[PDB]
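**Student:** Please find the sequence and an experimentally derived structure below.
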Amino acid sequence: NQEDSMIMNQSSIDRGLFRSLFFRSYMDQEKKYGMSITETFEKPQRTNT
Amino acid sequence: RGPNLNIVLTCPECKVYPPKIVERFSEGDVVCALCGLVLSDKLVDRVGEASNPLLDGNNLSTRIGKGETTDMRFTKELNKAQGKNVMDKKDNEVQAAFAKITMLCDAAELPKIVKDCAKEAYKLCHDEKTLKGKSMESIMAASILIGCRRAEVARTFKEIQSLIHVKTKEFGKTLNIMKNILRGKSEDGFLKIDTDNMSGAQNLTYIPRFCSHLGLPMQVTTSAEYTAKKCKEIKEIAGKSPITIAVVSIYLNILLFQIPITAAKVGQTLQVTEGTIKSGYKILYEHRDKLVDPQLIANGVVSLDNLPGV
Amino acid sequence: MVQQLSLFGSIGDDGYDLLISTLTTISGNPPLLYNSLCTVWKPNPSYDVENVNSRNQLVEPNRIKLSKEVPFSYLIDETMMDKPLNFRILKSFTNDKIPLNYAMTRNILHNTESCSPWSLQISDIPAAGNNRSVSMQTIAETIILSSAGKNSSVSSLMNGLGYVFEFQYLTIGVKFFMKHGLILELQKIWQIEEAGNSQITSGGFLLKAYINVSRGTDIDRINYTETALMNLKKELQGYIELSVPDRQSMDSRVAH
Amino acid sequence: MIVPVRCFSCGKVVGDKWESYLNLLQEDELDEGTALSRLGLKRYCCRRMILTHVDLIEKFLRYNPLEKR
Amino acid sequence: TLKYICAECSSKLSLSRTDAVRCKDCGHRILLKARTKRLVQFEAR
Amino acid sequence: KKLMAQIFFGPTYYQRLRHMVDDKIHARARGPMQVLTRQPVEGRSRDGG
Ligand SMILES: [Mg+2]
Ligand SMILES: [Zn+2]
Ligand SMILES: [Zn+2]
Ligand SMILES: [Zn+2]
């Protein structure tokens, strides 16, 4: 615990001391650049993509 | 024709065509997946400006503006330099027409997809010999209508005439000419399936906007969409204008849902003759059973006895 | 973890006796008639497999082969008991006619209690390093000793490990044990099929000069065996040419 | 959010004591220390595990369920 | 084809590719993709 | 055994800060190069240098 380190209890960590949920949101759009140039949401296949 | 100048990246030891290649981005490597041999290393994955070579073409230009320390006599002379250029007069007028398209779409508060579709429609129908004598406001109006139809955000000729002061006859002529030009461009280049986007009626797309203008609930809007869809099966009223079909279906569902809006108020809001609305309601009164959505009367939210007789 | 330092070649049937005499002069050892019925098993196509293994390294499916001898009474067609088993019997074996047939190899595979000894060999593609003048291949092999149970057939054992039969070939040849542990084999190969046998080495004998080294990490041993192979090559120049065969040919992986 | 099952420091089960703690607070009119003592939390680690717990789960529950059966 | 739930009215809907992403019962434009039907494994630590 | 010193002991309010070591640990042997200088890129999310 020297130079501002700390010793935390591993048993307290196991029982839930300072456990946290982290949420990250990923935003995506499909946009129409032109007539046939339009993005689309689909499951891609390696044979044709 | 011309030099090849193409790098075909194959494993020199597996000798398999087509080569099974993994581009390991995190390791900056391209490897042959069969044997693990690294074919090319030091992979290349801000500083410039975005430019789409489909809307304004392959045009590269920079403007002149005031800096941190700038005398105004030098800026005025340099601003006249870009203006007094004869090589890019076509570029200047097509950018002016794009600016007019954008300001018209902004005054109408149309979405960016409508702006982009109208701009591309104008660019594809530009400098065509069949479209030379038509008025520029008619070109703008027809491009806006084409953009709305292509974005499925379709407005009507009355809407585009409320925006642009354009005569109806040569507006229709310009729209027909630009549709022919766009079909020719599609046949020459990439082919597009219409799947009912350029259709003249499009009466299902006018119901939610008109219901919003009348302040109608969502269930009334959906019932009006169902009635307008079922009016296509009726022979006698399918020849009417899509605006009239949508308005009489909306008014029928208003009378069905007891919405306290009169036919005169509907006509004043949607620019349809009150006599036309009344005639459409009196002729759709005979086909009440088919038009009114069946699970609505099954759930009892509306009943067919509510509609006034003729 | 053996490595086979190997060179390959071929001769015609007319030069077989001349090569036998020449190699007898080279080695001082008479040729040794041998056979090994090799049965090849590929992973079951009805079994969905993963490209990864127990560890996180991704591997290809590989054909694994089982080889064992056949007694020469089963290769004598009741007409050459009188001639002894030597190098001279390989001149008669030129066509597709071999007494060992698909029905009897199926009988051998299905054991119709205890099974005969087998050698389970697994071999990958030879090394891609284009700095060795000889073909270096890695082979892992066990000796399957015996079997029992109501499901004791070696074919059903291979099915239990997950491999189905693909093809089988009987090879018959003569080998020389020459100076410093170099085994040079000279063999004919026939494919055993229900439609009929086929002489793969049509009209000639295949030549394989190989040395087995237990530790392929021992670079001094690898270089010593390699230069023994090149000494054999220099001694054999003018008559027959020793060359490295294709790694695509020596690869036993299942393609997809 | 919701009361922890165990005390962080020692591992004494405290998640069964939350409803009885609330009942001792609101219908027996005990102050919080006597309520903790009657629950049997004698170590101040176990005492603060219940005393300092902010029970946000009904604040989360006042929102309508996103998937309703 | 795929299962969605409206944001505030909690209505279940089935959507294909060509369907507009809107609620059919209340007209809301926010839909949440349904929880997966498969069992999901969590270590209890 | 008893510690010879007696320890100042008791509850204290502590805050979990959002600088976790897993959001900061970063190593790169080789990776993507920049477009212009062809030097290693910036950022641990881009596997940078
Ligand atoms: Mg510091
Ligand atoms: Zn390769
Ligand atoms: Zn405790
Ligand atoms: Zn809804």
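**Tutor:** Great, that's in hand. Residues are numbered from 1 along each chain as shown, chains lettered A, B, ... in the order given. Ligands and ions are numbered 1, 2, ... in the order given.
**Student:** what's the neighbour count on residue B:270?
**Tutor:** 20 (other CB atoms under 10 Å in any protein chain shown). C-beta coordinates here come from the backbone N, C-alpha and C atoms, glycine included.
**Student:** Is it in contact with residue B:211, as I believe?
**Tutor:** No - using CB atoms under 8 Å, residue B:270 is not in contact with residue B:211, being 10.2 Å away.
**Student:** check contacts around the residue of the stretch 201-310 of chain B found nearest ligand 3.
**Tutor:** Across the stretch 201-310 of chain B, no residue is closer to ligand 3 than residue B:218, which sits at 55.5 Å (CB to the ion). Residues in contact with residue B:218 (CB atoms under 8 Å, 6 or more residues apart in numbering or on different chains) are E:26-27.
**Student:** Run the chain-centre distance for the host helix or strand of residue B:73.
**Tutor:** Using DSSP states H and E, residue B:73 sits within helix B:72-83. Here helix B:72-83 is found 38 Å from its chain centre; the criterion is CA atoms, centre = their mean, to the nearest Å.
**Student:** What of stretch C:219-234?
**Tutor:** With CA atoms, centre = their mean, you get 22 Å for stretch C:219-234.
**Student:** Following element in sequence after the helix holding residue B:73, please.
**Tutor:** That would be, after helix B:72-83 and using DSSP H and E, helix B:89-107.
**Student:** Flag every buried residue along that following helix.
**Tutor:** B:94, B:97-98, B:100-102, B:104-105 (16 or more other CB atoms under 10 Å in any protein chain shown).
**Student:** Quickly note the distance from residue D:58 to residue D:22.
**Tutor:** Using CB to CB, to the nearest Å, one gets 11 Å for the distance from residue D:58 to residue D:22.
**Student:** So for those two, which sits in the more crowded spot?
**Tutor:** With neighbours defined as other CB under 10 Å, residue D:58 and residue D:22 compare such that residue D:22 has more, 14 against 8.
**Student:** Wondering if the helix or strand containing the more buried one reaches chain A at all.
**Tutor:** For residue D:22, the host element (DSSP H and E) is helix D:18-26. No - Helix D:18-26 does not reach chain A (CB under 8 Å from any CB of the partner chain); its nearest approach is 14.9 Å.
**Student:** Which strands and helices lie in contact with the helix or strand following that helix?
**Tutor:** Using DSSP H and E, the helix or strand that follows helix D:18-26 towards the C-terminus is helix D:32-39. Applying 3 or more CB pairs under 8 Å, 6 or more residues apart in numbering or on different chains; DSSP states H and E, one finds that helix D:32-39 contacts helix D:18-26, helix D:44-51.
**Student:** among those, which is the most enclosed?
**Tutor:** helix D:44-51 (a mean of 19; mean count of other CB atoms under 10 Å in any protein chain shown).
**Student:** That one near chain A at all?
**Tutor:** No - using CB under 8 Å from any CB, helix D:44-51 never reaches chain A; the gap is at least 9.5 Å.
**Student:** Run through who's touching that helix.
**Tutor:** With CB under 8 Å, 6+ apart as the test, helix D:44-51 has contacts from D:3-4, D:7-10, D:12, D:14, D:17-18, D:21, D:32-33, D:36, D:39, D:41, F:10-11.
**Student:** Compute the inter-axis angle for that helix and helix D:18-26.
**Tutor:** If you take axes from the mean of the first three to the mean of the last three CA atoms, to 10 degrees, helix D:44-51 sits at 80 degrees to helix D:18-26.
**Student:** starting at the chain centroid, how far to helix D:44-51?
**Tutor:** 9 Å.
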